[PDB]
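Listed below, chain by chain, are the residues.
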Amino acid sequence: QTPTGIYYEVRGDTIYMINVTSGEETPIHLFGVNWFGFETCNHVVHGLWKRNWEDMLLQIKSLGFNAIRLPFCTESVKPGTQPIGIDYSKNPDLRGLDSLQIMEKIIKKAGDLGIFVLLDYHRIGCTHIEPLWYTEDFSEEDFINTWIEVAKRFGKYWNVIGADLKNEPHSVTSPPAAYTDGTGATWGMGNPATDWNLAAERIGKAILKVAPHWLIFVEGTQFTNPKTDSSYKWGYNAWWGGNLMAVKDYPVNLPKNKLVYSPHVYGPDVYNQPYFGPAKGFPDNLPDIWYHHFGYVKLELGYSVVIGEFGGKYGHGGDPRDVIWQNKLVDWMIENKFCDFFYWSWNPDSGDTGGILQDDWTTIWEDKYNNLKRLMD
């Protein structure tokens, strides 16, 4: 049942941590941030050219976060891959460590701070988010075998809560071709080769065999199937990893107590959606849009829903509407008890969103953080 003595499960729409020996159960909330870099060709979380890695973890904790989503790529979790771009004067205890060793060191230190870790298979290779969980040179079997290896190793760390199976399933063409051309993810189309709802079951089953105590986080797609997507006026305008409209009629076939749906959602800094125009009702139109794309998965169906990525520049060198957008989203999350989330990102080096840290990798954006802090109390 568990190699750590700790077992994670969902009961209703809440995540619990169970100590299997004592029988003690505690509901947990995830007040999270994404710290990315292991999925990039740096092969290590970013910022270690400017900061000490432990200081970073301490700072994250000091802000009241208790969870980190950690993107990785295939090579970052294999022995022998060397990190690039670390200032070893500020990080002397990382000298001579490969990427995998640094990942273990970070997760252990997070655990010491009571910080939960969600592992996110973010890129197959270190360059770009593929739309599917396989490529020409890298098969679904390869992808699954990588998850198995990761689950066996990291399943031993008590604070690792589970697996975000694939970052942002999406499409690289427009409907109608996106549903049939084999280049992008679908949901409820019926073809198990492209249907993310079916692949997630296959990948999830394999992971739970070796890490039965983990949770399986399943993101949305961009498009699902034409019947579902056409059933709503903004059906073709969901984010990558953000379309959960097909969950109702095409649920992922995995145990209810292990499954967490994990939509991504973004504001005008990422894309100028038509619905961000005051002409189309911005921002009072937003709750119904969020509700349709993903919110109903919790509010109507009662699944656990954890927002896996959301963020924006909050008016710092971006679209000023982003301030209104992030405020409205936080208001809505509070009102509707979406208490579990991972903000994108801790890193400032995200082109279209910036992060919680400013470009100096040291000082935070006080206003952006103050808004976020409302979710943590």
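- Method of determination for the deposited model, per the PDB record: X-ray crystallography, at 1.9480 Å resolution.

## As for the nonpolar core
Alright, step 1. Counting residues in hydrophobic clusters, the biggest one holds 103 residues, and the most contacted among them are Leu-119, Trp-147, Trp-214, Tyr-261 and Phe-310.
Alright, step 2. For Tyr-261, the residues in contact, after removing those within four places along its chain, are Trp-187, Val-218, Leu-244, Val-247, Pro-251, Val-252, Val-297, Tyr-303, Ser-304, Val-305 and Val-306.

## A word on the side chain of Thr-146
Alright, step 1. Considering the arrangement of structural elements, one finds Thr-146 in helix α3 (residues 140-154).
Alright, step 2. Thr-146 sits in the buried class, given a relative accessible area of 4%.
Alright, step 3. Each residue touching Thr-146, except ones within four places of it in the same chain, is listed here: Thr-74, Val-77, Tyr-121 and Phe-138.

## Some words on the layout of surface pockets
Alright, step 1. Each pocket or cavity is described by its volume, and for the largest pocket that value is around 510 Å³.
Alright, step 2. Along the wall of the largest pocket there are 23 residues; nearest its centre are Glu-168, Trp-240, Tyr-266, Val-270 and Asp-352.
Alright, step 3. Taken together, the residues of the lining of the largest pocket break down into 10 nonpolar, seven polar and six charged.
Alright, step 4. Considering only enclosed or pocket space, the second largest pocket measures out at about 270 Å³ in volume.
Alright, step 5. In terms of lining residues, the second largest pocket is bounded by 14 residues, among which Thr-228, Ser-231, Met-245, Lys-248 and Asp-249 are the most central.

## A closer look at empty space enclosed by the protein
Alright, step 1. Estimates place the volume of the largest cavity at around 50 Å³.
Alright, step 2. Around the largest cavity, the lining comprises 13 residues; the ones closest to its centre are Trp-239, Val-265, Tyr-275, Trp-290 and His-293.
Alright, step 3. A per-element tally of the lining of the largest cavity places helix α6 (residues 286-299) first, with five residues.
Alright, step 4. Along the lines of polarity and charge, the residues of the lining of the largest cavity split into 10 nonpolar, three polar and no charged.

## Observations regarding the state of the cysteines
Alright, step 1. One pass over the full model with this rule turns up one disulfide.
Alright, step 2. Across the disulfide, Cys-41 is cross-linked to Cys-126 (sulfur-sulfur distance 2.1 Å). Taking the sign of the torsion about the S-S bond as the criterion, the disulfide between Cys-41 and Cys-126, at about 90°, is right-handed. Remark: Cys-126 occurs in the loop between β6 (116-123) and α3 and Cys-41 occurs in the loop between β4 (31-34) and α1 (53-62); sequence separation between them is 85 residues.
Alright, step 3. The exposure class assigned to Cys-41 is partly exposed, which follows from its relative accessible area of 39%.
Alright, step 4. The class for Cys-126 is buried, based on a relative accessible area of 13%.
Alright, step 5. Summary of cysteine pairing: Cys-73 is not part of a disulfide, and the nearest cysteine sulfur, belonging to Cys-126, is at 5.5 Å.

## As for the pairing of strand β3 (residues 25-28)
Alright, step 1. Both strand β2 (residues 14-19) and β3 contribute to a ladder of four bridges, which runs antiparallel. Residue pairing in the sheet places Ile-15 in a bridge with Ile-28 of β3.
Alright, step 2. Where β2 hands over to β3, the hairpin turn is made up of five residues, of which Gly-23 adopts a positive phi near 80°.

## Some remarks on the packing of α1 against helix α2 (residues 99-112)
Alright, step 1. Axis separation between α1 and α2 bottoms out at 11 Å; the angle between their running directions is 35°. Regarding α1 and α2, the two cross each other, and that crossing is right-handed. Counting all contacts with α1, which are made through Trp-53, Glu-54 and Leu-57, the residues of α2 involved are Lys-105, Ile-106, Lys-109 and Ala-110.
Alright, step 2. Across the contact of α1 with α2, the residue classes tally to four nonpolar, no polar and three charged.

## Examining the UniProt feature "binding site: Zn(2+) 1" (unreviewed entry) in the protein
Alright, step 1. When the UniProt feature table is mapped to this numbering, "binding site: Zn(2+) 1" (unreviewed entry) covers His-29, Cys-339 and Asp-340. A stretch of 312 residues holds the annotated residues, and the largest C-alpha distance among them is 6.3 Å, short enough that they meet in one place.
Alright, step 2. Mapped onto the elements of the fold, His-29 is located in the loop between β3 and β4.
Alright, step 3. Excluding anything up to four places from it in sequence, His-29 contacts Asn-66, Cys-339 and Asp-340.

Parameters and conventions
These residue numbers run from 1 along each chain by written sequence and may not equal the entry numbers. Residues without coordinates are not shown. As a convention, hydrogens and water are excluded, and side-chain values are obtained from all of the structure's heavy atoms. Residues with missing side-chain atoms are left out of burial classes, side-chain pairs and their counts. In plain words, nonpolar cores are sets of buried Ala, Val, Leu, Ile, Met, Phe, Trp, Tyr and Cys residues tied together by side-chain atoms within 4.5 Å. Burial status follows relative accessibility: with a 1.4 Å probe on protein chains alone, a residue under 20% of its type maximum counts as buried, one over 50% as exposed, and anything between as partly exposed. In what follows, a contact means two residues having at least one pair of non-hydrogen atoms within 4.5 Å. Under the DSSP-based scheme used, a helix requires at least four consecutive residues in state H or I and a strand at least two consecutive residues in state E, with every element numbered from the N terminus. For each structure, a 1 Å grid was placed over the protein atoms alone; sets of points admitting a 1.4 Å probe that cannot get out are labelled cavities, open sets with protein on both sides within 12 Å along at least five of seven lines are labelled pockets, and lining residues have an atom within 4 Å of a point. Grid points are joined across faces, edges and corners, and a volume is the space filled by probe spheres set on the points. Classes in brief: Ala, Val, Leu, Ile, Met, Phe, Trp, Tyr, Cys and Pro nonpolar; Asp, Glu, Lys and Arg charged; the others, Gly included, polar. Two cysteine sulfurs form what is called a disulfide whenever their separation falls within 2.5 Å. Pairing between two strands requires that DSSP report at least two bridges joining them. Here an angle of 0 to 180 degrees is reported between the N-to-C directions of two axes, which are lines fitted to C-alpha atoms, with helices fitted over the stretch in contact. In this scheme, a crossing is called left-handed if the near helix is turned counterclockwise away from the far one by less than a right angle; it is called right-handed if the turn is clockwise. UniProt positions are given in the numbering used here, feature names are shortened, and annotations may be inferred rather than shown by experiment.

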